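Asker: okay, here's the opening piece of the assembly, coordinates as they are in the complex:
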Amino acid sequence: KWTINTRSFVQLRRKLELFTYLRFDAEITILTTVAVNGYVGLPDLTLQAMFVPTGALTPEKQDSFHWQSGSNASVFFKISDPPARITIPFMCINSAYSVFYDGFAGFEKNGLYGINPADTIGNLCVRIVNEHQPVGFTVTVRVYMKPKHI
Amino acid sequence: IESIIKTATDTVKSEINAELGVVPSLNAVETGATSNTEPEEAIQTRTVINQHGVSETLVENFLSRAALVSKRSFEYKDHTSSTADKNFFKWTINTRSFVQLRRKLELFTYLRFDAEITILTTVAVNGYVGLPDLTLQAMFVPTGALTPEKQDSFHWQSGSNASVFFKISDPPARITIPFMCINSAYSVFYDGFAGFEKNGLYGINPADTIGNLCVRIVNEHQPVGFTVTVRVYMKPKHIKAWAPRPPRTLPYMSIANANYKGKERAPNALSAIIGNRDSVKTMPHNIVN
């Protein structure tokens, strides 16, 4: 499970932080790579990415019934495919995202400083859909975001 | 009166009232009509031009997303010694097995739609050799047609059944099935019995019978075993919906019926759907500073 944010990799962070407010749609590209644990060849696995909005339940297990995705948006993609790609719309409850927020997130004094609650995206949940093999692999997922219609 | 609604309604500014004989905040629930009190009548309002769209709550958009309806794992191996799905399985098609789709469909009494079907296949080696790029055959067997008995039975020759052949290396197989009820809509609920004798099934309209999905691996078995999992996704489309229903509150027990038990304690207990608070004067998440 990943709690979606733009603050983790500094090159994108510094460019975004040149502005106070931004409105854009997000083109998302998901790149997956696999290595055998310490050779057998590389399995062509199927992955499921599922977007879990605020207040929806996140999966507890690889095979939990949350993955049935009745109303969440999911994308299923192979490692042999080109990178999976989807667009997310501008989804702020305000007219722009707050790149900086001189304020507190809750009505009590203990809420987080510096994050506008209005800009909450949600969670990205990614599983391997295949059952495990008899041998282990390391899977790396990379997520790329391109702002557009800025 | 029927009208085309694309956005939420505007608010008009309102003044002080004080009119004898006019009481827009009083209502009579006993008629069965919902309250017609407008905000402009309850309080002084400003003008608001409202631009919020309503398209995401269209019934087409609410229901037309693909949900898991079937999931079956079976051994792909030499089965001569097995007692089991011997490189194929049969599924009697239904919408009642996975609760997320079931609860959404059961918000309505009648539904008419075509079904977009997506078939996703994944394979694991039994306890490594790499993963075989197998060919699968799915065959739709309507009511009264003969289902296959074996992986290699001549029923798979599919002279008039619709079959799709697909690889594991392919994208998921996809087909549309039309709205195929013998009535103008499916009965999501059925307060009736399926046969002319008294022993027929309660609660399933015979008119909504789809048939069977039969899936085999077309390849002969390899020298080693694999586990193959098939997932079926259904997306309703071209939807009409009639008579909205109170949602399911208690956990589902069975695909065959509406039987209910509830959770052991609230939330969603048979005695208490909402979780308790200490009193009707207790505010549970009260802001304090």
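Answerer: Okay, I see it. Numbering: from 1, shown residues only, chains lettered A, B, ... in the order given.

Asker: output the set of residues of chain A in proximity to chain B.
Answerer: Within chain A, the positions lying close to chain B (CB under 8 Å from any CB of the partner chain) are A:40-41, A:43-44, A:46, A:65, A:68-71, A:73, A:76, A:80, A:107-109, A:129-135. Just so you know, the C-beta spots here come from the backbone N, C-alpha and C atoms, and that holds for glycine as well.

Asker: list buried residues within those.
Answerer: Neighbour-count burial (16 or more other CB atoms under 10 Å in any protein chain shown) is assigned, among the residues of chain A next to chain B, to A:43, A:44, A:46, A:68, A:69, A:70, A:76, A:129, A:130, A:131, A:133.

Asker: contacts only, for the residue nearest to residue A:136 when sequence neighbours are not counted.
Answerer: Take residue A:136 and drop its neighbours on the chain: the residue closest to it by CB to CB, 6 or more residues apart in numbering or on different chains is residue A:37, 4.1 Å away. By CB atoms under 8 Å, 6 or more residues apart in numbering or on different chains, residue A:37 lies in contact with A:135, A:136, A:137, A:138.

Asker: is the residue of chain A found nearest chain B in a helix, a strand, or coil?
Answerer: Across chain A, no residue is closer to chain B than residue A:70, which sits at 2.7 Å (CB to the nearest CB). Using DSSP: H, G, I helix; E, B strand; the rest coil, the structure places residue A:70 in coil.

Asker: now it, nearest residue through space, not along the chain?
Answerer: Nearest non-adjacent residue to residue A:70, counting by CB to CB, 6+ apart: residue B:100, 2.7 Å away.

Asker: include chain C as well:
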Amino acid sequence: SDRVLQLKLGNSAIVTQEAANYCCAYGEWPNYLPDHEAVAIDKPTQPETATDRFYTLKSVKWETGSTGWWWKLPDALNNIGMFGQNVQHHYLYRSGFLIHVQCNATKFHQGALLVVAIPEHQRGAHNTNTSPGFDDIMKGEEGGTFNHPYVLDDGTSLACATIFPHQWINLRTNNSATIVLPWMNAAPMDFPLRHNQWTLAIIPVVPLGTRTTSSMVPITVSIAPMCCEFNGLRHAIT
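Answerer: Time to bring in chain C:
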């Protein structure tokens, strides 16, 4: 205006002096089957006033411990009068219904009945995997009682049951309820002995109470079939 009502169908009439308007389910009115929707090609019998008249069921006593009552349509009427005879001699039936529910008390009584008409009220059983049997469902003229009205006996919700066609009898306000039901089925006609289109549910969401001397407070149900048609004449199943 809205408080007094007379209903006249055939040789039967009902007056009420404390109505609360009345409900037409989904804004429809009963009608006969038009030719562009018809399936069965034999000429239907349309008995009119012989069938399209109020039949009164046995009254039920409202008590402090009542869970509420239900009747299934056409099942409750399948043995009554000329409606029942046409049901028994014909394979296919179609009609609407006029439902009128009656309950009066003094100005010192309190209580509220939800009167709701549920289409396709497929019942569940409590705490078992076994589906309800024939004798659990087909109660006929006597009707049934709710086991768990809070979930409508179907794992669902009394609170949201206002999504169905309904009125209330609030004893302070009114003493009768009226619902007009159109034909409500996926097919244009049906076999009346194996499927119920509608269930009338009467549920005491606020219990009966007073501090006057107690009396029996009955609830009475009168139902008129409307625009009855029958097809497929044969011998009576009866």
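
Asker: mind redoing the contacts of residue A:37 now chain C's in there?
Answerer: Residue A:37 makes contact with A:135, A:136, A:137, A:138, according to CB under 8 Å, 6+ apart.

Asker: could these be laid out in TSV, adding distance to residue C:40?
Answerer: Formatted as TSV, the contacts of residue A:37 follow (distance: CB to CB, whole Å):
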residue	distance to residue C:40
A:135	66
A:136	66
A:137	64
A:138	67
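
Asker: which of these count as buried?
Answerer: Using 16+ other CB under 10 Å, the buried ones in the contacts of residue A:37 are residue A:137.

Asker: what does chain C put close to chain A?
Answerer: Counting by CB under 8 Å from any CB, chain C has no residue next to chain A.

Asker: tell me who's in contact with the most centrally placed residue in chain A.
Answerer: Central residue of chain A (CA atoms, centre = their mean): residue A:124, 3.8 Å from the mean position. By CB under 8 Å, 6+ apart, residue A:124 lies in contact with A:1, A:2, A:4, A:49, A:50, A:51, A:52, A:143.

Asker: change it to 10 Å
Answerer: Neighbouring residues of residue A:124 by CB atoms under 10 Å, 6 or more residues apart in numbering or on different chains: A:1, A:2, A:3, A:4, A:28, A:30, A:49, A:50, A:51, A:52, A:141, A:143.

Asker: what about the fourth one, how many neighbours?
Answerer: Put plainly, it is residue A:4. As a burial measure, residue A:4 scores 16 neighbours (other CB atoms under 10 Å in any protein chain shown).

Asker: got it, and the fifth one?
Answerer: Residue A:28 sits with 19 neighbouring residues when counted by other CB under 10 Å.

Asker: that one and chain C, how far apart?
Answerer: 37 Å (CB to the nearest CB, to the nearest Å).

Asker: build in chain D:
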Amino acid sequence: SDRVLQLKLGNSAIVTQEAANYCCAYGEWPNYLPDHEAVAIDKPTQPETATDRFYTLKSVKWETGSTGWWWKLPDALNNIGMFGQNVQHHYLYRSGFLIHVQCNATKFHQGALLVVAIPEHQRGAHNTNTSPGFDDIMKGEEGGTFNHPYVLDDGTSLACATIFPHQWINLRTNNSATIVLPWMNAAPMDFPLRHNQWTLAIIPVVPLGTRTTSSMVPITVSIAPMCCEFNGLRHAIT
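Answerer: Okay, here's chain D dropped in alongside the others:
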């Protein structure tokens, strides 16, 4: 022309005889919320002259070692006059601001103050992973002091702070600065107790110096809220 200015709002007026023009932030002027941008449907209160008037804060002493000063808006005014009362009784607020900064010295004094209005001045802490707490941010009427004005206390740059709406008080040239701030938020209105739209920063980029006899050289801040609107009347949080 550009050197003398009078500002009149409500019962308050300010004159200066050494202005350096004045700044309108991003070329905007304050306005009330139009109907095509409005969200909250209750009729707003618009107190006009009761709120839209200069309030003068406590003066700060300019010293040789000063790092500079800051005040957050609306936080600094949330307890002052009828602006403060409307803030405390209403859930939602909107306004612009007129900021006037005052500092005079003799013709033998030197010094330069950068007067900059920063939108969404989200502060950092120095040398910790822990975010600034409530009492680090919410200084109210007294305001705060810069810890590291060279990075604006946010890991950034005093040198590039001229990208924000600003003036200078260069003691040789002028003795006051004026900035007009529009409403500056992602929402059309806000809860005034948990978010600050604007921070006034006054930073002595050139230090105060002279060889005359020393005097106290105060810096004084006068702020007028402009086009105040309040929505969501309730009891006072206060």
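
Asker: back to the contacts of residue A:124, now that we've got chain D?
Answerer: Contacts here follow CB under 10 Å, 6+ apart; on that basis residue A:124 touches A:1, A:2, A:3, A:4, A:28, A:30, A:49, A:50, A:51, A:52, A:141, A:143.

Asker: OK, contacts around the one residue in chain A that gets nearest to chain D?
Answerer: Proximity of chain A to chain D (CB to the nearest CB) peaks at residue A:103, 3.2 Å away. Contacts for residue A:103 (CB under 10 Å, 6+ apart) come out as A:111-117, D:72, D:75, D:120, D:122, D:137, D:190-191, D:193-197.

Asker: beta partners of it?
Answerer: Legend: beta-bridge partners of residue A:103 under DSSP bridges are residue D:195.

Asker: how far away is the residue of chain A most remote from its centre from residue B:169?
Answerer: The centre of chain A is farthest from one residue, residue A:39, which by CA atoms, centre = their mean lies 31.1 Å away. Counting by CB to CB, to the nearest Å, the gap between residue A:39 and residue B:169 amounts to 21 Å.

Asker: what does residue C:145 give?
Answerer: When CB to CB is applied, the distance between residue C:145 and residue B:169 equals 60 Å.

Asker: go on, residue A:48?
Answerer: Here residue A:48 is placed at a distance of 18 Å from residue B:169 (CB to CB).

Asker: residue contacts, residue C:58?
Answerer: Residues near residue C:58 by CB under 10 Å, 6+ apart: C:141, C:142, C:143, C:218, C:220, C:221.

Asker: most neighbours out of the residues you listed, which is it?
Answerer: Neighbour-wise, these (other CB under 10 Å) top out at residue C:221, 22 neighbours.

Asker: measure the closest residue in space to that residue that isn't next to it in sequence to residue C:49 for me?
Answerer: Nearest residue to residue C:221, sequence neighbours excluded (CB to CB, 6+ apart): residue C:57, at 4.6 Å. Counting by CB to CB, the separation of residue C:57 from residue C:49 is 20 Å.
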